[PDB]
Structures are given as C-alpha cells and as structure tokens.
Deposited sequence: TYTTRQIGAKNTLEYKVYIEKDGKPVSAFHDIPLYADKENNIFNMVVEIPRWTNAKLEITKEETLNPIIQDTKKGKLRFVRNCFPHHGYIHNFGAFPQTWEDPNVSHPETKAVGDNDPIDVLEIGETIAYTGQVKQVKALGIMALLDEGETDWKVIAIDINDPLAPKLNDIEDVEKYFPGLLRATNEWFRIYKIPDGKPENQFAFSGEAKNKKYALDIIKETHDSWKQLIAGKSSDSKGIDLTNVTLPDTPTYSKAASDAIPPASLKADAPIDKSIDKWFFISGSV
C-alpha cells in the first residue's frame, strides 16, 4: 500500500512529501515500479501537482529518496500564475517513476498530464493508461508530455487513444497547447513552442517514448549512465543496485504536525496575455 509522509508546512521551503510503502519511505523516482500491469500497459503515475493549484511541486532528483518539494529560484518559492481563462495548472501534473530523459533529453522523469475528473493529491501513486503524447521543444530539449487517464475514472473504458480525448474532452488539447505556450509569460519569459505543430501523437507513439525513457532509467540506476551528476540514486527496493540502502528509509524524519502556510495573495491574480 502506498501512502505519503509530509515534512514541514505546505507552501514553505521546508515542505517535502515522501512516498511510503507499508509505512516506510521509499524513493519516488526509483522505487515505484513504472508498470502496475506491464502486459496491459498500465502505469504507475507519481502525482506532483493537483489540478487548479499554483505551487510548482516536483520530485527532486538531488535529495535522498527524491521527495516532492516546491521549486525555488534564488531562494524564493515558485508558483505558476493564473493565465486567463486557466486557473493554475489545468491537469493533475506528475511523472512516471523509473523513467529518465537522458540528456546525453530534458534530464527528468517523463512528464504526465492526467485528465480525469478527480483532483489528485501530491505524492499520490495512481494507475493510469497512456492516451497520447505531445512534445514541448524547450531550449534544444525535448520535453515530452504524456496524456493519460486514471484507470478508475468513470470514462476510462471509453478512452483508449488520443482521438478519444477530442471526443470526450473537446478543447482540452487546445487548452493544453495554449497553457504550455503562455504559462511562463507572466514570469517574464518567452512563449514556448511545440514540436509537430502542437499535435499530440497517438498511444502507440507514446508507448515507444515511455519505453525508451524506462530503458534510460535502467542504465542510470545500474550506475552505467555517462553522467548522473546531481542525481541521488539511493533506493530501498532494488537490492543489486550500487546505491541500494535500506537505512535511507529510516533516516527520514516523521510526519510533521503542521497546517498549510498561507500563500501570498498576489498568486490570486489573473493575467490576460
């Protein structure tokens, strides 16, 4: 059973969320299997950011057991601003564990946008099916975005490929295109650009990419990548890896007893680009 352990107050520099398996912290990057059901391409997704929130949360590659923390720049917590007509992040945003875009690639686990009705929670492990994939082309890095749905969603049986997103979620793909293009404009950065003219490739195409990034992670965790600088490969479930250490689980502090910190009211603001 997967649960979460929160350190610190939410919306502070001290906030960290670890994934626990049967009460013991594990690595959110390395220890959660990519496949919940390999034969049927059912994936485990680690959720970072709930739909309609603003705090930029992500698995940190550089801390032991890779907790989810809030992104910072020059000591300040980072939030995405509200870009009309959107409210914060417009999907449940996360990543597939045991994947890595080898930059020898955007240097992170492959990104996943989960489109189901229920708002997710940070550190949630949910089971999803892949529907398709877009590519943001970012400063010479291919930043893939897998489009996925929770298998427990009421609509999941009716969605199998990317054309189904158009039928059941009309305009969601367009919103995704727009959102990714504009979401950094309030931060003083340029419009982003997509490959393939913003088109989403199909499931078959997504699976090939996901599989490549899994193979890259296999090389990484085996200690065989050309360059793993800045990545903590400590794990507690893979006994024949060089960086296996069960003791890392016990070194994690206990759950903090703290209410969410307030978010500055400036984050309410709606930007019209």
Open item on the list: Checking coverage: what stretches of the deposited chain sequence are missing C-alpha positions?
Closed with: 105-113, 283-286
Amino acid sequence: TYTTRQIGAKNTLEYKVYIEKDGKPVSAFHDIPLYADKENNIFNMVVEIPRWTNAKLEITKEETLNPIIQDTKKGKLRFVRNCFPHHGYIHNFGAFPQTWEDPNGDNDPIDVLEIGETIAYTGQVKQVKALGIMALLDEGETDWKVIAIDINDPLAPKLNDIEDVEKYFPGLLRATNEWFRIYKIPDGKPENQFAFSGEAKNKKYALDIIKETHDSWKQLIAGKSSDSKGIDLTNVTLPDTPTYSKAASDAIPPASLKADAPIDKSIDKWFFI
From here on, numbers count along this sequence of modelled residues.
Task: Comparing 158-166 with 117-125, the one whose average Cα B-factor in the PDB entry is higher - done: 158-166
- [ ] With reference to the PDB entry, specify whether the mean Cα temperature factor is higher for 235-243 or for 221-229.
- [x] 221-229
TODO: By the entry's C-alpha temperature factors, tell me which of 47, 28, 207, 57 sits highest.
DONE: 207
TODO: Compare the CA B factors listed in the entry for 40, 53, 66, 70 and report the winner.
DONE: 40
TODO: Ordered by C-alpha B-factor within the chain, which third holds residue 263? Give me lowest, middle or highest, please.
DONE: middle
Open item on the list: When the deposited Cα B-factors of this chain's modelled residues are ordered and cut into thirds, is residue 173 in the lowest, the middle or the highest one?
Closed with: lowest
Task: Modelled-residue ranking by C-alpha temperature factor, third containing residue 112 - done: lowest
Open item on the list: Per the entry's values, where does residue 140 land by CA temperature factor relative to the rest of its chain, in the lowest, middle or highest third?
Closed with: highest
- [ ] Grab the CA temperature factor for residue 196 from the record and place it in the lowest, middle or highest third of its chain.
- [x] highest
